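A lone chain, given as structure tokens: the form deposited without the partner chain.
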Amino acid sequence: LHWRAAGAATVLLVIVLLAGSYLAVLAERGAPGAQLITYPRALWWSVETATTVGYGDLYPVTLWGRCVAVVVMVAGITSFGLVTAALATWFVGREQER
């Protein structure tokens, strides 16, 4: 159904994390004012970025790594909005009945 598209986000996002998580630590690590130096840092970062929390304990300073960011942000933001869209039609699905 549409939950095959919902779990599709999950699967697809955990990738974007590991993807940009690693993809990012590289484009960052080594440049001035670097913070995303370790892999597990850039790991926690993505989690905190993809959920739009951003305590600001870690972030990119590289005009390149900052792209990884924008991809990890929209990535997370969209995924959830799509699990919200699933619960939406699911609530309308049981009202299209009753």
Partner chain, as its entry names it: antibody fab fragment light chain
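Positions refer to the first chain, counted from 1.
Remark: stretch with higher mean C-alpha B factor among 45 to 53 and 29 to 37 is 29 to 37. Among the modelled residues of the chain, residue 75 sits in the lowest third by CA temperature factor in this PDB entry.
For residue 83, the recorded CA temperature factor ranks within the lowest third of the chain's modelled residues.
What follows is about the form solved in complex with the partner chain, which we do not show.
For the partner-free chain shown, 29, 30, 31, 32, 33 of 5 to 33 come within 4.5 angstroms of the partner chain in the deposited bound form, judged by any non-hydrogen atom.
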